Every structure is written in C-alpha cells, then in structure tokens.
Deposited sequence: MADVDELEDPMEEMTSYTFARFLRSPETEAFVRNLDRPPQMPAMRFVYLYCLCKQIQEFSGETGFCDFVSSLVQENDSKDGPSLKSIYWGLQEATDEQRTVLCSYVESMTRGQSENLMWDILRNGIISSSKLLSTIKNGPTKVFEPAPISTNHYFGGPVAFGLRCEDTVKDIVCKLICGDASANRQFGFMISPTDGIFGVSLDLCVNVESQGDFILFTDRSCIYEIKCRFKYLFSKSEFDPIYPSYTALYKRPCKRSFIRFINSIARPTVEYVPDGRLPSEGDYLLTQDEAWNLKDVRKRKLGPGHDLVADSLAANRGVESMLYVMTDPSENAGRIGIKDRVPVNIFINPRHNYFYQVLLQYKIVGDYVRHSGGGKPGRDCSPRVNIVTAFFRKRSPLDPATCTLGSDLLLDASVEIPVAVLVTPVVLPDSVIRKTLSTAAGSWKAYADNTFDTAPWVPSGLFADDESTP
C-alpha cells in the first residue's frame, strides 16, 4: 500500500473551501476571508498531511514560526498568515517550488493547479472564464518538442550567453502576493541559490523555448524547405530568412501594418515592409482594443536576433554560431504566448522584489524572451557524433538544430494591470456563486484604475 499521494488527490483548493471546518472558522471571522492567506492556509493543511509520509516539514515549520501569537488552529494560522510580510509569503512560495521541482509529473503538481490561473490558461480564462481552472485532467510533434527543448537550452546558455549561470528545472511558482496565479519556466539565466531555493537576481533573463515541428526538414532532393534553407546558410540575412520563414504553407511570422489588427495565427509579427507579400488587414483602431494596441505600440521596433548555426556536415561535427542576424520581429499580443510570458514576467518580478533582489531607484523586473528553434533531421552525411560549440556532446538521438530566433517581449505595466484584473475578477466571479466561503481578492487586483 505505497504511494500515499494517490490518496491525496481529492484534497484540492476547491475541496478545502467546502469543508465543515473551513466553514466553521470562516463563520466566526471579521471581514470576508482574505485571499492570499486562504491559499496559504490550505497549502498548510495539504502539507501537514503530505509530510506524514514524506519527511518534508519545510513549509509547515515556517508557517508555524509565524503563529507566535499537534499544531495551532485554523484560526491562529489564518491570522499569522494574514499578518505576514510579502517576503515571508515569498518564502512559502519557494518551499512549494522546491518540493515540486523534480517530478513535473509528480501528482502534487496537479492538486496544486486547482483554483489557480495557470499562465497556459490566462488568456483562455480571460476568454471563457474559470471553470476549467476548478476542474481537472508520445511519438509525434509533442515528443519532438520534449526531446529537443534541452538542446535549445544549451544553445542559449553555452553560446548565446557564453556560459552565464542558470537553471533549467523549475517547480510550481504561485504568485506570492495574491495566491491566484502561478507559473513554471523553461529557463532562467543569471540566477543564484540560497539553500534549496533558487534566488532570482535583478539581472535575470527569462526564455520561453519553442521547437517548431512544422519547419522540420531534410537535406534531400525534393524536400521543399531544403533550398531556401541552403540559401539562408550561404547568404545569412533578412531577405534570405524571409524566404525560409515562408517556404511552408503557414508561415510563423506575419506582416501587419500599423493601426491594423493582427490575426491570431501564431505569435510572431512584423511591420517591416520587406515581409510583405500581399494584401489588406482589418483596421485594429480599437473600438475595443486599447489593450492590445498599447502592446503593439510598446513592441514593434523590437529587434530580435537570429543566430544561424554551422552544419556539422561541413565542420566535422561542430555546431556553433555562424551568424547573428538582427531582424525586426515582435510578439503578437493576441496570441496565447504573450499571456504566459506576461505572467512569468509579473510573478518572478515579484520574487526579486521580495527577496532583497532590488537596488533602490532601480528596476528589476526581469527581461523576458521568446525562442523559436528551427531543427532538421540527421541525414546519413552527418557524423555519428556532434558537439554544441566545441566541446559539449549533442544527444545521439536529438535532431540537428539549424537556427534559433530570440525575441525580447515588452510589457507595459498598465497592460499587465488590466489583464490580471479582469482575469482575477472573473476568478472571484466563479468563486462567488460556487462557494459560500468565497475568499475576497487583493486590491492590487481590484479593477478600473
């Protein structure tokens, strides 16, 4: 009778909300209940049980050092967790991260998702409300993403950032100051430790990785991507790269003139005249768009860096950076990806804030990038063995990476505020006619100003 976690799968935030004992404690209190304390109390109850079989007393011991004022009562806990500092809150968040850090397919991660606006589900939540958030749950493209992403990571780490310190594994990161949003990350460069804790410094750099299967190709006669590919290789530049982005049926980058409203196809956009190969665009002057329009304002004229790699077929096994072409290409604020990157940006921002990370008078919101990785299949021409850079083995079974586009994303503080507001108030909406506990939301999230 091992794996006691399978037994814990029913103890979710929503279920916590409907227990006799929550009801009791919330019956006799002064205001509504406050929301981040609630999430923190629940977590405390989850672990108090989880720790009975895994000896990870981290979380509780801490939560318990706060109840100065067999364990204290719902009431004592709620109150200590209510008077806690943003910094103290952010300590519990890092406990939770460190616990979930391995096993992204631990069961706990699922129990923790309940009640939480995941960053994968921020835009969707915004569109269709939160129900999904309070409900629950490899040989093709997904697997492609899953064994290629780490090469893309070595490219960023070892060669884009010439070996800066970083970490690649992240557990689940709850938003400390509201306990309603959460995230995890592919990758962060410029980052230190304090124990089992990952400490985000104010020189941190986020990268969202995206291997792009719909561009995978082969050096073979008849392959249609291979020419434009060869061309880019030979003559690495804007116009060359346009041809490649465009060699397929549905290009990942779209032209969208000023004051017009971009489509929803995928997440790369351009205003550069060159990328233009035909047509008219529905006027995005927003009777309704002040929000995306702000972001386009903020983002066009972002320049992103294309790095083209060396063919290990003509450099005896070596894959290193052969060219660094600057281009004008920027995020699409209608796409899902803008939203998860927004929240990554917001949350981590918060962590630095509340862990002594920030010099007065200076900003430490990290930088946030998108990374769009292009690969090709190994032909029989290719050396059995390969290295990234000069001295790091490429995985024997990974595809040969070909290019990598990096794209700084830009997040106007008012756009953030609007997004998290409306989504948050939707959260409270659902809560309000589902629970009678319905916790109240933090002001920083009240919506209008």
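- According to the record, no C-alpha positions are given for deposited positions 1 to 6, 76 to 79, 148 to 154, 467 to 470, numbered from 1.
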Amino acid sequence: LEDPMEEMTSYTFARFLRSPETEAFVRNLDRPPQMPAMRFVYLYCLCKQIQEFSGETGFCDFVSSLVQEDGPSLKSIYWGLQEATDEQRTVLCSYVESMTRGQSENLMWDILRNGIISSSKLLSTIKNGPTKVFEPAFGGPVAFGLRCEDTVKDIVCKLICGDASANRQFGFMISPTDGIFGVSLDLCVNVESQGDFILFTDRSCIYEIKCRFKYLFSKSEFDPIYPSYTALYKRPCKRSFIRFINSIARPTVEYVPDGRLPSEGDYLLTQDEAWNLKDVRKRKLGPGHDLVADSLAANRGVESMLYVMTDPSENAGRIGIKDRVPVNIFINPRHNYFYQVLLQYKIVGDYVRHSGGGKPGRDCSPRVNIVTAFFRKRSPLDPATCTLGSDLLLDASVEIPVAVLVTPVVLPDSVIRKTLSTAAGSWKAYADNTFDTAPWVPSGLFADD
From here on, numbers count along this sequence of modelled residues.
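- The PDB entry records a higher mean C-alpha B factor for 21 to 29 than for its counterpart among 21 to 29 and 6 to 14.
- Higher mean CA B-factor, judged across 75 to 83 and 337 to 345 from the recorded values: 75 to 83.
- The maximum CA B-factor among the listed residues 208, 350, 363, 303, taken from the PDB record, is found at 363.
- For the set 391, 413, 52, 399, the maximum C-alpha B-factor listed in the entry falls on 52.
- Sorting the modelled residues of the chain by their CA temperature factor places residue 276 in the highest third.
- Annotation for residue 283: CA B-factor lies in the highest third of the chain's modelled residues.
- For residue 94, the recorded CA B-factor ranks within the lowest third of the chain. Only modelled residues enter the ranking.
- Among the modelled residues of the chain, residue 43 sits in the lowest third by CA temperature factor in this PDB entry.
- Residue 359 sits in the highest third of its chain by CA B factor, as recorded in the PDB entry.
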